[PDB]
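Source file protein_33.pdb; content: PDB, C-alpha atoms and all ligand atoms.
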```pdb
ATOM      1  CA  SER A  42     -17.179   8.389 -12.256  1.00  0.00           C
ATOM      2  CA  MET A  43     -17.446   8.699  -8.449  1.00  0.00           C
ATOM      3  CA  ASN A  44     -14.656   7.372  -6.212  1.00  0.00           C
ATOM      4  CA  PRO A  45     -15.492   4.309  -4.116  1.00  0.00           C
ATOM      5  CA  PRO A  46     -15.261   4.571  -0.340  1.00  0.00           C
ATOM      6  CA  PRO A  47     -11.710   3.870   0.831  1.00  0.00           C
ATOM      7  CA  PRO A  48     -10.767   0.414   2.085  1.00  0.00           C
ATOM      8  CA  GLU A  49     -11.887  -0.610   5.611  1.00  0.00           C
ATOM      9  CA  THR A  50      -9.147   0.167   8.172  1.00  0.00           C
ATOM     10  CA  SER A  51     -10.777  -0.675  11.491  1.00  0.00           C
ATOM     11  CA  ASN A  52     -12.972  -3.580  12.440  1.00  0.00           C
ATOM     12  CA  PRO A  53     -14.222  -3.862  16.032  1.00  0.00           C
ATOM     13  CA  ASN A  54     -15.220  -7.470  15.361  1.00  0.00           C
ATOM     14  CA  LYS A  55     -11.866  -8.675  13.968  1.00  0.00           C
ATOM     15  CA  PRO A  56      -9.313  -9.975  16.558  1.00  0.00           C
ATOM     16  CA  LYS A  57      -6.059  -8.011  17.010  1.00  0.00           C
ATOM     17  CA  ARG A  58      -2.478  -8.713  18.021  1.00  0.00           C
ATOM     18  CA  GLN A  59       0.921  -7.097  17.918  1.00  0.00           C
ATOM     19  CA  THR A  60       3.923  -9.024  16.658  1.00  0.00           C
ATOM     20  CA  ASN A  61       7.529  -8.142  15.970  1.00  0.00           C
ATOM     21  CA  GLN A  62       6.838  -8.409  12.226  1.00  0.00           C
ATOM     22  CA  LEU A  63       3.825  -6.104  12.263  1.00  0.00           C
ATOM     23  CA  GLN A  64       5.733  -3.575  14.366  1.00  0.00           C
ATOM     24  CA  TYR A  65       8.550  -3.724  11.780  1.00  0.00           C
ATOM     25  CA  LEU A  66       6.084  -3.288   8.953  1.00  0.00           C
ATOM     26  CA  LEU A  67       4.883  -0.008  10.496  1.00  0.00           C
ATOM     27  CA  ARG A  68       8.033   1.500  12.039  1.00  0.00           C
ATOM     28  CA  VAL A  69      10.447   0.420   9.315  1.00  0.00           C
ATOM     29  CA  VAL A  70       8.755  -0.572   6.063  1.00  0.00           C
ATOM     30  CA  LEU A  71       5.820   1.871   5.928  1.00  0.00           C
ATOM     31  CA  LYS A  72       8.016   4.637   7.389  1.00  0.00           C
ATOM     32  CA  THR A  73      10.836   4.217   4.844  1.00  0.00           C
ATOM     33  CA  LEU A  74       8.508   3.916   1.853  1.00  0.00           C
ATOM     34  CA  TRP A  75       6.497   6.944   2.960  1.00  0.00           C
ATOM     35  CA  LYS A  76       9.584   9.154   2.964  1.00  0.00           C
ATOM     36  CA  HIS A  77      10.747   8.101  -0.515  1.00  0.00           C
ATOM     37  CA  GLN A  78      10.818  10.901  -3.122  1.00  0.00           C
ATOM     38  CA  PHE A  79       8.417   8.912  -5.306  1.00  0.00           C
ATOM     39  CA  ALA A  80       5.913   8.027  -2.546  1.00  0.00           C
ATOM     40  CA  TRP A  81       3.376  10.823  -3.047  1.00  0.00           C
ATOM     41  CA  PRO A  82       1.038   9.129  -5.563  1.00  0.00           C
ATOM     42  CA  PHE A  83       0.878   6.105  -3.231  1.00  0.00           C
ATOM     43  CA  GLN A  84       0.098   7.878   0.075  1.00  0.00           C
ATOM     44  CA  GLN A  85      -3.701   7.898  -0.384  1.00  0.00           C
ATOM     45  CA  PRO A  86      -6.428   6.242  -2.495  1.00  0.00           C
ATOM     46  CA  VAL A  87      -6.293   7.035  -6.172  1.00  0.00           C
ATOM     47  CA  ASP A  88      -8.607  10.029  -6.637  1.00  0.00           C
ATOM     48  CA  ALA A  89      -9.987   9.082 -10.042  1.00  0.00           C
ATOM     49  CA  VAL A  90     -12.391  12.025  -9.976  1.00  0.00           C
ATOM     50  CA  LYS A  91      -9.634  14.614  -9.442  1.00  0.00           C
ATOM     51  CA  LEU A  92      -7.279  12.878 -11.912  1.00  0.00           C
ATOM     52  CA  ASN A  93     -10.030  12.484 -14.528  1.00  0.00           C
ATOM     53  CA  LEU A  94      -9.710   8.680 -14.757  1.00  0.00           C
ATOM     54  CA  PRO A  95     -13.314   7.575 -15.274  1.00  0.00           C
ATOM     55  CA  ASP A  96     -12.189   3.977 -16.014  1.00  0.00           C
ATOM     56  CA  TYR A  97      -9.867   3.531 -13.016  1.00  0.00           C
ATOM     57  CA  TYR A  98     -12.346   1.759 -10.717  1.00  0.00           C
ATOM     58  CA  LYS A  99     -13.873  -0.136 -13.614  1.00  0.00           C
ATOM     59  CA  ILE A 100     -10.474  -1.801 -14.020  1.00  0.00           C
ATOM     60  CA  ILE A 101      -9.260  -1.811 -10.424  1.00  0.00           C
ATOM     61  CA  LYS A 102     -11.642  -3.646  -8.078  1.00  0.00           C
ATOM     62  CA  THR A 103      -9.105  -4.282  -5.274  1.00  0.00           C
ATOM     63  CA  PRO A 104      -7.703  -0.800  -4.590  1.00  0.00           C
ATOM     64  CA  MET A 105      -4.977  -0.245  -1.975  1.00  0.00           C
ATOM     65  CA  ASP A 106      -2.640   2.576  -0.954  1.00  0.00           C
ATOM     66  CA  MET A 107      -0.132   3.322   1.820  1.00  0.00           C
ATOM     67  CA  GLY A 108      -2.466   5.711   3.680  1.00  0.00           C
ATOM     68  CA  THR A 109      -4.813   2.757   4.157  1.00  0.00           C
ATOM     69  CA  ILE A 110      -1.925   0.420   5.077  1.00  0.00           C
ATOM     70  CA  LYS A 111      -0.653   2.937   7.698  1.00  0.00           C
ATOM     71  CA  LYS A 112      -4.142   3.006   9.264  1.00  0.00           C
ATOM     72  CA  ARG A 113      -4.534  -0.781   9.147  1.00  0.00           C
ATOM     73  CA  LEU A 114      -1.200  -1.184  10.947  1.00  0.00           C
ATOM     74  CA  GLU A 115      -2.055   1.514  13.535  1.00  0.00           C
ATOM     75  CA  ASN A 116      -5.455   0.036  14.157  1.00  0.00           C
ATOM     76  CA  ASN A 117      -3.924  -3.439  14.563  1.00  0.00           C
ATOM     77  CA  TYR A 118      -6.234  -4.475  11.723  1.00  0.00           C
ATOM     78  CA  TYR A 119      -4.022  -7.321  10.518  1.00  0.00           C
ATOM     79  CA  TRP A 120      -3.636 -10.669  12.348  1.00  0.00           C
ATOM     80  CA  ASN A 121      -0.431 -11.485  10.499  1.00  0.00           C
ATOM     81  CA  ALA A 122       2.334  -9.875   8.506  1.00  0.00           C
ATOM     82  CA  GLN A 123       1.367 -11.732   5.339  1.00  0.00           C
ATOM     83  CA  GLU A 124      -1.927  -9.830   5.213  1.00  0.00           C
ATOM     84  CA  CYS A 125       0.001  -6.546   5.262  1.00  0.00           C
ATOM     85  CA  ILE A 126       2.579  -7.703   2.699  1.00  0.00           C
ATOM     86  CA  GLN A 127      -0.309  -8.713   0.454  1.00  0.00           C
ATOM     87  CA  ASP A 128      -1.699  -5.173   0.708  1.00  0.00           C
ATOM     88  CA  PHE A 129       1.589  -3.637  -0.432  1.00  0.00           C
ATOM     89  CA  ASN A 130       1.763  -6.091  -3.309  1.00  0.00           C
ATOM     90  CA  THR A 131      -1.825  -5.341  -4.335  1.00  0.00           C
ATOM     91  CA  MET A 132      -0.992  -1.637  -4.382  1.00  0.00           C
ATOM     92  CA  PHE A 133       1.943  -2.150  -6.770  1.00  0.00           C
ATOM     93  CA  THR A 134       0.032  -4.626  -8.919  1.00  0.00           C
ATOM     94  CA  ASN A 135      -2.879  -2.237  -9.440  1.00  0.00           C
ATOM     95  CA  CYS A 136      -0.459   0.404 -10.644  1.00  0.00           C
ATOM     96  CA  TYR A 137       1.109  -2.070 -13.088  1.00  0.00           C
ATOM     97  CA  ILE A 138      -2.282  -3.225 -14.411  1.00  0.00           C
ATOM     98  CA  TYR A 139      -3.691   0.225 -15.088  1.00  0.00           C
ATOM     99  CA  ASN A 140      -0.584   1.823 -16.581  1.00  0.00           C
ATOM    100  CA  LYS A 141       1.865   1.078 -19.344  1.00  0.00           C
ATOM    101  CA  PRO A 142       5.390  -0.194 -18.634  1.00  0.00           C
ATOM    102  CA  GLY A 143       7.921   2.597 -18.676  1.00  0.00           C
ATOM    103  CA  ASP A 144       5.316   5.214 -17.654  1.00  0.00           C
ATOM    104  CA  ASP A 145       6.583   7.549 -14.917  1.00  0.00           C
ATOM    105  CA  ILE A 146       4.091   6.220 -12.408  1.00  0.00           C
ATOM    106  CA  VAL A 147       5.240   2.656 -13.118  1.00  0.00           C
ATOM    107  CA  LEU A 148       8.906   3.601 -12.708  1.00  0.00           C
ATOM    108  CA  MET A 149       7.960   5.213  -9.406  1.00  0.00           C
ATOM    109  CA  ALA A 150       6.104   2.081  -8.261  1.00  0.00           C
ATOM    110  CA  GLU A 151       9.051  -0.045  -9.310  1.00  0.00           C
ATOM    111  CA  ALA A 152      11.436   2.042  -7.196  1.00  0.00           C
ATOM    112  CA  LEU A 153       9.210   1.753  -4.129  1.00  0.00           C
ATOM    113  CA  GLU A 154       8.712  -1.959  -4.786  1.00  0.00           C
ATOM    114  CA  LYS A 155      12.451  -2.600  -4.909  1.00  0.00           C
ATOM    115  CA  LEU A 156      12.826  -0.751  -1.616  1.00  0.00           C
ATOM    116  CA  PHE A 157       9.921  -2.696  -0.171  1.00  0.00           C
ATOM    117  CA  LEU A 158      11.476  -6.022  -1.164  1.00  0.00           C
ATOM    118  CA  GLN A 159      14.819  -5.008   0.365  1.00  0.00           C
ATOM    119  CA  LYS A 160      13.065  -4.257   3.653  1.00  0.00           C
ATOM    120  CA  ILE A 161      10.969  -7.409   3.758  1.00  0.00           C
ATOM    121  CA  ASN A 162      14.186  -9.365   3.189  1.00  0.00           C
ATOM    122  CA  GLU A 163      15.088  -8.171   6.660  1.00  0.00           C
ATOM    123  CA  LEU A 164      11.761  -9.048   8.247  1.00  0.00           C
ATOM    124  CA  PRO A 165      12.570 -10.292  11.740  1.00  0.00           C
ATOM    125  CA  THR A 166      11.695 -13.878  12.630  1.00  0.00           C
ATOM    126  CA  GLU A 167       8.399 -13.961  14.546  1.00  0.00           C
ATOM    127  CA  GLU A 168      10.169 -14.118  17.909  1.00  0.00           C
TER     128      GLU A 168
HETATM  129  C1  LIG A 201       3.012  10.514 -11.144  1.00  0.00           C
HETATM  130  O1  LIG A 201       1.704  10.912 -10.672  1.00  0.00           O
HETATM  131  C2  LIG A 201       1.005  11.787 -11.453  1.00  0.00           C
HETATM  132  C3  LIG A 201       1.432  12.191 -12.738  1.00  0.00           C
HETATM  133  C4  LIG A 201       0.661  13.119 -13.472  1.00  0.00           C
HETATM  134  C5  LIG A 201      -0.515  13.660 -12.916  1.00  0.00           C
HETATM  135  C6  LIG A 201      -0.931  13.253 -11.645  1.00  0.00           C
HETATM  136  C7  LIG A 201      -0.172  12.314 -10.907  1.00  0.00           C
HETATM  137  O2  LIG A 201      -0.538  11.966  -9.624  1.00  0.00           O
HETATM  138  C8  LIG A 201      -1.070  10.737  -9.387  1.00  0.00           C
HETATM  139  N1  LIG A 201      -1.591  10.537  -8.140  1.00  0.00           N
HETATM  140  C9  LIG A 201      -2.177   9.373  -7.825  1.00  0.00           C
HETATM  141  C10 LIG A 201      -2.246   8.358  -8.775  1.00  0.00           C
HETATM  142  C11 LIG A 201      -1.650   8.549 -10.052  1.00  0.00           C
HETATM  143  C12 LIG A 201      -1.715   7.523 -11.034  1.00  0.00           C
HETATM  144  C13 LIG A 201      -1.841   6.124 -10.826  1.00  0.00           C
HETATM  145  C14 LIG A 201      -1.747   5.279  -9.685  1.00  0.00           C
HETATM  146  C15 LIG A 201      -0.930   5.650  -8.589  1.00  0.00           C
HETATM  147  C16 LIG A 201      -0.727   4.814  -7.475  1.00  0.00           C
HETATM  148  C17 LIG A 201      -1.331   3.539  -7.461  1.00  0.00           C
HETATM  149  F1  LIG A 201      -1.180   2.723  -6.435  1.00  0.00           F
HETATM  150  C18 LIG A 201      -2.119   3.148  -8.556  1.00  0.00           C
HETATM  151  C19 LIG A 201      -2.307   3.981  -9.670  1.00  0.00           C
HETATM  152  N2  LIG A 201      -1.903   5.533 -12.033  1.00  0.00           N
HETATM  153  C20 LIG A 201      -1.893   6.491 -12.948  1.00  0.00           C
HETATM  154  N3  LIG A 201      -1.789   7.715 -12.384  1.00  0.00           N
HETATM  155  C21 LIG A 201      -1.696   8.945 -13.170  1.00  0.00           C
HETATM  156  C22 LIG A 201      -2.946   9.426 -13.948  1.00  0.00           C
HETATM  157  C23 LIG A 201      -2.641  10.652 -14.840  1.00  0.00           C
HETATM  158  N4  LIG A 201      -1.570  10.328 -15.804  1.00  0.00           N
HETATM  159  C24 LIG A 201      -0.318   9.963 -15.117  1.00  0.00           C
HETATM  160  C25 LIG A 201      -0.508   8.740 -14.172  1.00  0.00           C
HETATM  161  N5  LIG A 201      -1.092   9.760 -10.326  1.00  0.00           N
HETATM  162 CL    CL A 202       4.959   8.692 -18.469  1.00  0.00          CL
END
```
Represent the structure of the file as structure tokens.
Amino acid sequence: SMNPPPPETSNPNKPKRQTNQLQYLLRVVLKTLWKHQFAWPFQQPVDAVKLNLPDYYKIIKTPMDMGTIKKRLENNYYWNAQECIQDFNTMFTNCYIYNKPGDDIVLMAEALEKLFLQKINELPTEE
């Protein structure tokens, strides 16, 4: 089945702001996750056509990936850090819903998620 368009990453009509926490989410969290050895399947939308997963977008109706998150952060798409954190969590959750526990892709997600949680533990206070 066709892939859907990727998630919106820029909205001219949606107010913008920079905060310490959003800067940290881009320059620390996204950066560190991106460089992880297991990051590659998470760096762009799931290409269900290429991967021959005709049921992927029948099951997953709230897709997310780190390529989209990088753009949202760069485009100052988020008003607050919680919106961005939610996107990371959605990305991991989708992986867990579609796949079986113990599958390689799930172990990979779990490694990134642990790293993610470690980094959000050190989220700066919104000074
Ligand atoms: C470990 O990745 C792969 C393994 C074998 C073949 C291709 C692979 O690449 C890949 N790229 C993007 C997504 C996925 C993926 C996701 C996926 C990845 C990220 C995400 F956020 C959500 C789902 N869920 C399942 N898969 C594959 C499908 C083929 N059989 C092995 C798992 N795999
Ligand atoms: Cl596996």
Report the closest atom pair, with its distance in Å rounded to one decimal, for each residue of chain A that has an atom no farther than 8 Å from ligand LIG 201 (chain A); count only C-alpha atoms and all ligand atoms, sort by chain and then rising residue number, and write it as a Markdown table.
```
| residue | atom | partner | partner_atom | distance |
| --- | --- | --- | --- | --- |
| A:81 | CA | A:LIG201 | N1 | 7.1 |
| A:82 | CA | A:LIG201 | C9 | 3.9 |
| A:83 | CA | A:LIG201 | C16 | 4.7 |
| A:85 | CA | A:LIG201 | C9 | 7.7 |
| A:86 | CA | A:LIG201 | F1 | 7.4 |
| A:87 | CA | A:LIG201 | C10 | 5.0 |
| A:88 | CA | A:LIG201 | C9 | 6.6 |
| A:89 | CA | A:LIG201 | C10 | 7.9 |
| A:92 | CA | A:LIG201 | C22 | 5.9 |
| A:93 | CA | A:LIG201 | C23 | 7.6 |
| A:94 | CA | A:LIG201 | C22 | 6.9 |
| A:104 | CA | A:LIG201 | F1 | 7.6 |
| A:105 | CA | A:LIG201 | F1 | 6.6 |
| A:106 | CA | A:LIG201 | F1 | 5.7 |
| A:132 | CA | A:LIG201 | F1 | 4.8 |
| A:133 | CA | A:LIG201 | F1 | 5.8 |
| A:134 | CA | A:LIG201 | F1 | 7.9 |
| A:135 | CA | A:LIG201 | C18 | 5.5 |
| A:136 | CA | A:LIG201 | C18 | 3.8 |
| A:137 | CA | A:LIG201 | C18 | 7.6 |
| A:139 | CA | A:LIG201 | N2 | 6.4 |
| A:140 | CA | A:LIG201 | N2 | 6.0 |
| A:144 | CA | A:LIG201 | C25 | 7.6 |
| A:145 | CA | A:LIG201 | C1 | 6.0 |
| A:146 | CA | A:LIG201 | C1 | 4.6 |
| A:147 | CA | A:LIG201 | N2 | 7.8 |
| A:149 | CA | A:LIG201 | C1 | 7.5 |
| A:150 | CA | A:LIG201 | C16 | 7.4 |
```
Could you check the closest approach to ligand CL 202 (chain A) for each of A:124, A:84, A:148, A:107 and tell me which residue wins, using all atoms listed in the file?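 Between A:124, A:84, A:148, A:107, the residue approaching ligand CL 202 (chain A) most closely is A:148.
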Around the point (-13.7, -8.6, 14.8) (coordinates from the file), which residues reach within 12 Å if we count all atoms listed in the file? Answer as a PyMOL selection string. chain A and resi 50-58+116-120
Option closest in space to residue 103 (chain A), from A:127, A:79, A:153, A:164 [counting only C-alpha atoms]: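 Using only C-alpha atoms, residue 103 (chain A) sits closest to A:127.
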Go ahead and compute the interatomic distance for CA of residue 91 (chain A) and CA of residue 71 (chain A), in Å to one decimal. 25.2 Å
Using only C-alpha atoms: which of A:77, A:141, A:72, A:102 has the shortest distance to residue 44 (chain A):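 Selected residue with least distance to residue 44 (chain A): A:102.
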Work out how far CA of residue 60 (chain A) is from CA of residue 168 (chain A), in Å to one decimal. 8.2 Å
Could you tell me which of A:161, A:62, A:68, A:47 comes closest to residue 115 (chain A) if we count all atoms listed in the file?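 Result for the nearest residue to residue 115 (chain A): A:68.
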Skipping near chain neighbours, those fewer than 3 positions away, what residues fall within 12 Å of residue 158 (chain A) using only C-alpha atoms, listed as a ChimeraX atom specification? /A:66,70,73-74,126,129-130,133,151-155,161-164
Record the distance separating CA of residue 128 (chain A) and CA of residue 142 (chain A), expressed in Å with one decimal. 21.2 Å
Nearest-residue call for ligand CL 202 (chain A), choices A:143, A:112, A:98, A:78, using all atoms listed in the file: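 Using all atoms listed in the file, the shortest distance to ligand CL 202 (chain A) belongs to A:143.
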Centre and edges of the region 45-50 of chain A box, axis-aligned, 3 Å extra per side, as JSON:
```
{"center_x": -12.3, "center_y": 2.0, "center_z": 2.0, "size_x": 12.3, "size_y": 11.2, "size_z": 18.3}
```
Nearest residue to residue 125 (chain A) from the set A:156, A:43, A:110, A:138 (distances using only C-alpha atoms):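 The shortest atom-to-atom distance to residue 125 (chain A) comes from A:110.
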